[PDB]
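Structure data (mmCIF, C-alpha atoms) from structure-v5.cif:
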data_my_file
loop_
_atom_site.label_atom_id
_atom_site.label_comp_id
_atom_site.auth_asym_id
_atom_site.auth_seq_id
_atom_site.Cartn_x
_atom_site.Cartn_y
_atom_site.Cartn_z
CA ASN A 1 0.00 0.00 0.00
CA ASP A 2 3.06 2.33 -0.19
CA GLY A 3 2.62 5.17 -2.65
CA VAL A 4 -1.16 4.54 -2.69
CA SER A 5 -2.06 7.79 -0.76
CA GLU A 6 0.44 9.74 -2.90
CA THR A 7 -1.05 8.32 -6.10
CA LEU A 8 -4.56 9.41 -5.02
CA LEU A 9 -3.42 12.89 -4.02
CA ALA A 10 -1.28 13.35 -7.16
CA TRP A 11 -4.23 12.51 -9.43
CA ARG A 12 -6.43 14.97 -7.51
CA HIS A 13 -3.89 17.71 -8.14
CA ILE A 14 -3.29 16.66 -11.81
CA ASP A 15 -7.08 16.31 -12.55
CA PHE A 16 -7.67 19.75 -11.03
CA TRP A 17 -4.59 21.47 -12.55
CA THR A 18 -5.36 20.16 -16.09
CA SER A 19 -9.07 21.09 -15.85
CA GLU A 20 -7.96 24.74 -15.07
CA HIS A 21 -4.88 25.28 -17.21
CA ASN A 22 -5.05 22.70 -20.04
CA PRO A 23 -8.58 21.32 -20.72
CA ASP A 24 -7.47 19.63 -23.98
CA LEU A 25 -4.95 17.56 -22.04
CA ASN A 26 -7.57 16.90 -19.31
CA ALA A 27 -9.95 15.48 -22.02
CA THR A 28 -7.26 12.95 -23.07
CA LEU A 29 -7.23 11.20 -19.60
CA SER A 30 -9.13 7.96 -20.08
CA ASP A 31 -11.77 6.41 -17.90
CA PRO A 32 -10.62 4.02 -15.13
CA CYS A 33 -9.67 0.44 -15.96
CA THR A 34 -11.91 -2.21 -14.38
CA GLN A 35 -10.56 -4.87 -12.06
CA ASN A 36 -11.27 -7.28 -14.96
CA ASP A 37 -8.98 -5.30 -17.33
CA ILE A 38 -6.25 -5.38 -14.68
CA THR A 39 -6.64 -9.12 -13.94
CA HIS A 40 -6.45 -9.88 -17.70
CA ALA A 41 -3.25 -7.85 -18.02
CA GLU A 42 -1.59 -9.40 -14.93
CA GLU A 43 -2.54 -12.79 -16.40
CA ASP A 44 -1.02 -11.92 -19.87
CA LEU A 45 2.24 -10.64 -18.42
CA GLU A 46 2.48 -13.03 -15.38
CA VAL A 47 3.12 -10.09 -13.00
CA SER A 48 1.42 -8.39 -10.03
CA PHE A 49 1.12 -4.65 -10.60
CA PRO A 50 2.26 -2.92 -7.35
CA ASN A 51 -0.58 -1.29 -5.34
CA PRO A 52 0.14 2.41 -6.41
CA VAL A 53 0.15 1.43 -10.10
CA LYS A 54 -3.11 -0.46 -9.84
CA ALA A 55 -4.67 2.49 -8.00
CA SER A 56 -3.38 4.83 -10.82
CA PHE A 57 -5.01 2.56 -13.50
CA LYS A 58 -8.31 2.57 -11.59
CA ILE A 59 -8.27 6.43 -11.89
CA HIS A 60 -7.12 6.75 -15.54
CA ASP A 61 -6.37 3.96 -18.03
CA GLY A 62 -3.66 6.14 -19.61
CA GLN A 63 -4.34 8.88 -22.16
CA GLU A 64 -6.18 8.68 -25.52
CA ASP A 65 -6.61 11.72 -27.83
CA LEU A 66 -9.55 11.50 -30.31
CA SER A 67 -0.43 14.80 -26.36
CA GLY A 68 1.66 13.65 -23.41
CA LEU A 69 0.68 14.54 -19.85
CA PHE A 70 4.20 14.35 -18.45
CA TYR A 71 5.56 17.43 -20.25
CA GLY A 72 5.06 15.77 -23.63
CA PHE A 73 5.64 12.13 -22.42
CA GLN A 74 2.48 10.02 -22.77
CA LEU A 75 0.83 7.99 -19.99
CA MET A 76 0.26 4.57 -21.59
CA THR A 77 -3.05 2.74 -21.61
CA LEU A 78 -3.10 -0.76 -20.08
CA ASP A 79 -3.31 -2.20 -23.61
CA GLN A 80 -0.12 -0.29 -24.59
CA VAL A 81 1.64 -1.43 -21.39
CA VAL A 82 0.87 -5.10 -22.30
CA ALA A 83 1.83 -4.78 -26.00
CA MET A 84 4.99 -2.83 -25.17
CA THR A 85 6.09 -5.16 -22.31
CA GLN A 86 5.70 -8.09 -24.74
CA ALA A 87 7.81 -6.23 -27.36
CA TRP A 88 10.59 -5.62 -24.76
CA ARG A 89 10.37 -9.33 -23.76
CA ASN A 90 10.96 -10.35 -27.40
CA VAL A 91 14.15 -8.22 -27.42
CA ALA A 92 15.44 -9.42 -23.96
CA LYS A 93 15.23 -12.88 -25.51
CA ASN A 94 18.21 -11.92 -28.02
CA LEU A 95 20.95 -9.25 -28.31
CA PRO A 96 25.79 -2.00 -25.67
CA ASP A 97 27.31 -0.56 -22.36
CA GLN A 98 24.61 -0.45 -19.66
CA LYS A 99 24.82 1.35 -16.31
CA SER A 100 22.68 2.14 -13.27
CA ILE A 101 22.40 5.35 -11.19
CA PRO A 102 22.55 4.85 -8.21
CA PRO A 103 25.15 2.09 -8.88
CA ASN A 104 23.74 -1.42 -8.50
CA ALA A 105 20.14 -0.19 -8.00
CA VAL A 106 18.99 -1.32 -11.46
CA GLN A 107 20.26 -4.27 -13.55
CA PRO A 108 22.88 -2.94 -16.08
CA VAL A 109 21.05 -4.44 -19.13
CA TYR A 110 19.32 -3.13 -22.32
CA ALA A 111 16.04 -4.89 -21.52
CA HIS A 112 14.46 -6.99 -18.72
CA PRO A 113 11.09 -8.84 -18.83
CA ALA A 114 10.16 -7.42 -15.38
CA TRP A 115 10.61 -3.71 -16.40
CA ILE A 116 7.01 -2.57 -16.97
CA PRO A 117 6.82 0.64 -19.10
CA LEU A 118 4.08 3.12 -17.95
CA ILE A 119 5.14 6.32 -19.78
CA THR A 120 6.56 6.56 -23.30
CA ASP A 121 8.26 9.29 -25.29
CA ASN A 122 6.97 7.36 -28.42
CA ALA A 123 10.65 7.05 -29.52
CA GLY A 124 11.58 3.86 -27.62
CA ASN A 125 12.15 5.41 -24.14
CA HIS A 126 10.17 4.85 -20.98
CA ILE A 127 9.58 5.44 -17.34
CA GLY A 128 8.33 2.35 -15.65
CA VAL A 129 8.33 0.13 -12.65
CA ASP A 130 11.28 -2.23 -11.94
CA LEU A 131 10.09 -5.60 -10.63
CA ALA A 132 13.67 -7.14 -10.54
CA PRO A 133 15.94 -4.57 -8.78
CA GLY A 134 19.73 -4.68 -8.54
CA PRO A 135 21.18 -5.50 -5.09
CA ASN A 136 20.99 -1.86 -3.86
CA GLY A 137 17.59 -1.17 -5.47
CA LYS A 138 14.08 -1.58 -4.26
CA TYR A 139 11.23 -3.70 -5.63
CA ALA A 140 8.84 -1.51 -7.73
CA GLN A 141 11.18 1.43 -7.82
CA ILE A 142 10.55 3.72 -10.78
CA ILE A 143 13.17 3.73 -13.43
CA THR A 144 14.04 5.09 -16.89
CA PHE A 145 14.94 2.64 -19.59
CA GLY A 146 14.80 1.91 -23.32
CA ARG A 147 16.49 2.70 -26.67
CA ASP A 148 18.72 5.63 -25.67
CA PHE A 149 19.09 4.93 -21.90
CA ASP A 150 22.39 3.11 -21.63
CA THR A 151 22.32 4.53 -18.06
CA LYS A 152 19.18 3.53 -16.14
CA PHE A 153 18.11 6.00 -13.41
CA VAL A 154 16.02 5.25 -10.29
CA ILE A 155 13.78 8.31 -10.31
CA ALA A 156 11.35 7.50 -7.42
CA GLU A 157 10.91 4.81 -4.76
CA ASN A 158 7.36 4.06 -5.99
CA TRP A 159 4.83 5.13 -8.59
CA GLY A 160 2.84 7.32 -6.17
CA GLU A 161 5.96 9.32 -5.24
CA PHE A 162 6.74 9.70 -8.94
CA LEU A 163 3.23 11.08 -9.69
CA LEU A 164 3.25 13.33 -6.66
CA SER A 165 6.65 14.86 -7.61
CA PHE A 166 5.22 15.56 -11.17
CA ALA A 167 2.10 17.08 -9.56
CA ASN A 168 4.25 19.37 -7.40
CA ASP A 169 6.22 20.50 -10.57
CA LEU A 170 2.87 21.67 -11.93
CA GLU A 171 1.96 23.34 -8.65
CA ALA A 172 5.34 25.01 -8.28
CA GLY A 173 4.70 26.78 -11.67
CA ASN A 174 7.41 24.71 -13.43
CA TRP A 175 5.58 24.76 -16.75
CA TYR A 176 5.08 26.69 -20.04
CA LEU A 177 2.39 26.31 -22.76
CA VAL A 178 4.26 27.00 -26.01
CA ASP A 179 -3.74 25.53 -25.31
CA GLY A 180 -0.32 24.52 -26.80
CA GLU A 181 2.24 21.84 -25.77
CA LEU A 182 3.19 21.59 -22.06
CA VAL A 183 6.97 21.93 -21.46
CA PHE A 184 9.01 22.15 -18.32
CA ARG A 185 10.92 25.15 -17.03
CA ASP A 186 12.31 25.83 -13.55
CA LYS A 187 10.23 28.81 -12.46
CA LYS A 188 12.28 29.75 -9.34
CA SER A 189 15.49 30.10 -11.54
CA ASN A 190 13.61 31.77 -14.52
CA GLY A 191 15.20 28.70 -16.09
CA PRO A 192 15.45 27.62 -19.75
CA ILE A 193 12.97 25.14 -21.15
CA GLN A 194 14.15 21.54 -20.56
CA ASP A 195 13.36 18.01 -21.52
CA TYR A 196 11.73 16.47 -18.43
CA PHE A 197 13.77 13.22 -18.64
CA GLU A 198 16.91 15.38 -18.33
CA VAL A 199 15.31 17.09 -15.32
CA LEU A 200 14.46 13.70 -13.74
CA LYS A 201 17.90 12.36 -14.33
CA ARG A 202 19.68 15.41 -12.91
CA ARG A 203 17.45 15.23 -9.77
CA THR A 204 18.32 11.52 -9.22
CA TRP A 205 22.01 12.30 -9.74
CA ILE A 206 22.12 15.29 -7.37
CA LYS A 207 20.27 13.36 -4.68
CA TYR A 208 22.66 10.37 -5.01
CA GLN A 209 25.70 12.79 -4.70
CA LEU A 210 24.22 14.61 -1.63
CA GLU A 211 23.70 11.27 0.31
CA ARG A 212 27.27 10.10 -0.35
CA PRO A 213 28.73 11.75 2.81
CA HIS A 214 26.48 9.49 5.15
CA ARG A 215 28.62 6.30 5.83
#

Take the structure in the file and write it out as structure tokens.
Amino acid sequence: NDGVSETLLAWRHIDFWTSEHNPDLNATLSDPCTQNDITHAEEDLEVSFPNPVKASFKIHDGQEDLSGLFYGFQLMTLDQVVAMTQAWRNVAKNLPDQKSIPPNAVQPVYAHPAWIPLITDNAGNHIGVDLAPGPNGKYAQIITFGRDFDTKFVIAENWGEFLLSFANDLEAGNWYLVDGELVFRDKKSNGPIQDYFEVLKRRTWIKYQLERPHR
């Protein structure tokens, strides 16, 4: 049940922020998935979705537009999670210099059948949940992985924390509509526009570095 409260609160904030500032994006958030949909998907993949991820799916089954919520990155429907997990499984089955940050938190591999993608940049890169952590990682940690992520990053301890940190970016004013496309900018620093994966990665890196003095 860890991350469950955060998931619920994050979606409240994201539902409410999008309905004020970006109604077009709000109208892309799908209806909940049923427990049946979720059972069928766990069955197809032979996994248990962690509690915060299942709670997120029972609020919105991804996004469908008749673009991406996470500063241009799309929240995937349960159908896309299944299809895309199976495509990564076909690749893990065959054939690059792979790293983890923090070191040994994430397996240093291109692909793993237990890495469940939940967000896509639609260019082969993902944020997802890691169901087979490295020795210093945590089960159901949130990671980056895919085509151009030689270095995997642990970006949150669970999916609820991930969603809540995105919801607080919105609430801190860290955004720009170019409604227009939603991009990220550090408001406090009057900062330049940035790719949100670079922002996530720098945050994970800085936090790792700042904990290093505690022995």

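Interatomic distance, atom CA of residue 165 of chain A against atom CA of residue 10 of chain A: 8.1 Å.
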
Could you name the residues that touch segment 147-153 of chain A at 12 Å or less, counting all atoms listed in the file, but leaving out those on the same chain fewer than 3 positions away, as a ChimeraX atom specification? /A:88,91,96-112,115,120-130,133-134,137,141-144,156-157,197-208

What residues come out when you apply the PyMOL selection byres ((chain A and resi 22) around 12) to this file, written as a ChimeraX atom specification? /A:14-21,23-29,67-69,71,170,175-182

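Nearest to residue 89 of chain A of all the residues A:171, A:194, A:57, A:117 is A:117, counting all atoms listed in the file.
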
Shortest interatomic distance to residue 32 of chain A - which of A:59, A:47, A:155, A:95, counting all atoms listed in the file: A:59

Residue with smallest distance to residue 183 of chain A - pool A:39, A:94, A:169, A:209, counting only C-alpha atoms: A:169

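Straight-line separation from atom CA of residue 132 of chain A to atom CA of residue 4 of chain A: 20.4 Å.
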
For residue 5 of chain A, which residue among A:92, A:33, A:210, A:163 is the nearest when counting only C-alpha atoms? A:163

Supply segment 184-203 of chain A as a PDB file, in the coordinates of the input, with N, CA, C and O atoms built in where the input has gaps.
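So the final result, stored in selection12.pdb, reads:
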ATOM      1  N   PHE A 184       8.554  21.885 -19.681  1.00  0.00           N
ATOM      2  CA  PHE A 184       9.010  22.150 -18.320  1.00  0.00           C
ATOM      3  C   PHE A 184      10.072  23.224 -18.276  1.00  0.00           C
ATOM      4  O   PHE A 184      10.979  23.239 -19.116  1.00  0.00           O
ATOM      5  N   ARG A 185       9.931  24.090 -17.277  1.00  0.00           N
ATOM      6  CA  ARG A 185      10.920  25.150 -17.030  1.00  0.00           C
ATOM      7  C   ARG A 185      10.987  25.320 -15.510  1.00  0.00           C
ATOM      8  O   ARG A 185       9.949  25.167 -14.871  1.00  0.00           O
ATOM      9  N   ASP A 186      12.160  25.597 -14.961  1.00  0.00           N
ATOM     10  CA  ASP A 186      12.310  25.830 -13.550  1.00  0.00           C
ATOM     11  C   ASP A 186      11.922  27.283 -13.330  1.00  0.00           C
ATOM     12  O   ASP A 186      12.644  28.197 -13.736  1.00  0.00           O
ATOM     13  N   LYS A 187      10.777  27.491 -12.690  1.00  0.00           N
ATOM     14  CA  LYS A 187      10.230  28.810 -12.460  1.00  0.00           C
ATOM     15  C   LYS A 187      11.084  29.609 -11.494  1.00  0.00           C
ATOM     16  O   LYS A 187      11.402  30.727 -11.843  1.00  0.00           O
ATOM     17  N   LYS A 188      11.436  29.062 -10.326  1.00  0.00           N
ATOM     18  CA  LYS A 188      12.280  29.750  -9.340  1.00  0.00           C
ATOM     19  C   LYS A 188      13.521  30.373 -10.028  1.00  0.00           C
ATOM     20  O   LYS A 188      13.775  31.546  -9.810  1.00  0.00           O
ATOM     21  N   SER A 189      14.274  29.634 -10.876  1.00  0.00           N
ATOM     22  CA  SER A 189      15.490  30.100 -11.540  1.00  0.00           C
ATOM     23  C   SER A 189      15.268  30.876 -12.870  1.00  0.00           C
ATOM     24  O   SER A 189      16.210  31.199 -13.578  1.00  0.00           O
ATOM     25  N   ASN A 190      14.018  31.200 -13.237  1.00  0.00           N
ATOM     26  CA  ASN A 190      13.610  31.770 -14.520  1.00  0.00           C
ATOM     27  C   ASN A 190      14.193  30.913 -15.659  1.00  0.00           C
ATOM     28  O   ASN A 190      14.559  31.446 -16.707  1.00  0.00           O
ATOM     29  N   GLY A 191      14.219  29.578 -15.451  1.00  0.00           N
ATOM     30  CA  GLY A 191      15.200  28.700 -16.090  1.00  0.00           C
ATOM     31  C   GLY A 191      14.823  28.471 -17.542  1.00  0.00           C
ATOM     32  O   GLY A 191      13.688  28.756 -17.974  1.00  0.00           O
ATOM     33  N   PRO A 192      15.773  27.958 -18.346  1.00  0.00           N
ATOM     34  CA  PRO A 192      15.450  27.620 -19.750  1.00  0.00           C
ATOM     35  C   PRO A 192      14.507  26.417 -19.785  1.00  0.00           C
ATOM     36  O   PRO A 192      14.438  25.610 -18.845  1.00  0.00           O
ATOM     37  N   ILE A 193      13.769  26.314 -20.891  1.00  0.00           N
ATOM     38  CA  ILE A 193      12.970  25.140 -21.150  1.00  0.00           C
ATOM     39  C   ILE A 193      13.888  23.903 -21.125  1.00  0.00           C
ATOM     40  O   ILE A 193      15.025  23.963 -21.585  1.00  0.00           O
ATOM     41  N   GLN A 194      13.405  22.790 -20.549  1.00  0.00           N
ATOM     42  CA  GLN A 194      14.150  21.540 -20.560  1.00  0.00           C
ATOM     43  C   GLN A 194      13.269  20.322 -20.775  1.00  0.00           C
ATOM     44  O   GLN A 194      12.096  20.256 -20.400  1.00  0.00           O
ATOM     45  N   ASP A 195      13.910  19.336 -21.380  1.00  0.00           N
ATOM     46  CA  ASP A 195      13.360  18.010 -21.520  1.00  0.00           C
ATOM     47  C   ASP A 195      13.185  17.387 -20.125  1.00  0.00           C
ATOM     48  O   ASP A 195      14.127  17.319 -19.353  1.00  0.00           O
ATOM     49  N   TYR A 196      11.991  16.919 -19.784  1.00  0.00           N
ATOM     50  CA  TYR A 196      11.730  16.470 -18.430  1.00  0.00           C
ATOM     51  C   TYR A 196      12.502  15.200 -18.026  1.00  0.00           C
ATOM     52  O   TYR A 196      12.774  15.015 -16.863  1.00  0.00           O
ATOM     53  N   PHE A 197      12.852  14.304 -18.946  1.00  0.00           N
ATOM     54  CA  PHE A 197      13.770  13.220 -18.640  1.00  0.00           C
ATOM     55  C   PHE A 197      15.128  13.745 -18.203  1.00  0.00           C
ATOM     56  O   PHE A 197      15.658  13.165 -17.281  1.00  0.00           O
ATOM     57  N   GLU A 198      15.660  14.815 -18.802  1.00  0.00           N
ATOM     58  CA  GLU A 198      16.910  15.380 -18.330  1.00  0.00           C
ATOM     59  C   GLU A 198      16.725  15.928 -16.916  1.00  0.00           C
ATOM     60  O   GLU A 198      17.654  15.851 -16.109  1.00  0.00           O
ATOM     61  N   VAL A 199      15.556  16.524 -16.634  1.00  0.00           N
ATOM     62  CA  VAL A 199      15.310  17.090 -15.320  1.00  0.00           C
ATOM     63  C   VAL A 199      15.249  15.928 -14.317  1.00  0.00           C
ATOM     64  O   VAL A 199      15.823  16.033 -13.262  1.00  0.00           O
ATOM     65  N   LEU A 200      14.571  14.820 -14.653  1.00  0.00           N
ATOM     66  CA  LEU A 200      14.460  13.700 -13.740  1.00  0.00           C
ATOM     67  C   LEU A 200      15.810  13.088 -13.434  1.00  0.00           C
ATOM     68  O   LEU A 200      16.143  12.843 -12.281  1.00  0.00           O
ATOM     69  N   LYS A 201      16.589  12.907 -14.487  1.00  0.00           N
ATOM     70  CA  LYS A 201      17.900  12.360 -14.330  1.00  0.00           C
ATOM     71  C   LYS A 201      18.837  13.231 -13.496  1.00  0.00           C
ATOM     72  O   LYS A 201      19.586  12.714 -12.671  1.00  0.00           O
ATOM     73  N   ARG A 202      18.838  14.541 -13.712  1.00  0.00           N
ATOM     74  CA  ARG A 202      19.680  15.410 -12.910  1.00  0.00           C
ATOM     75  C   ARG A 202      19.250  15.360 -11.425  1.00  0.00           C
ATOM     76  O   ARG A 202      20.116  15.284 -10.574  1.00  0.00           O
ATOM     77  N   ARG A 203      17.949  15.312 -11.162  1.00  0.00           N
ATOM     78  CA  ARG A 203      17.450  15.230  -9.770  1.00  0.00           C
ATOM     79  C   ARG A 203      17.953  13.937  -9.101  1.00  0.00           C
ATOM     80  O   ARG A 203      18.435  14.014  -7.971  1.00  0.00           O
TER      81      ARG A 203
END
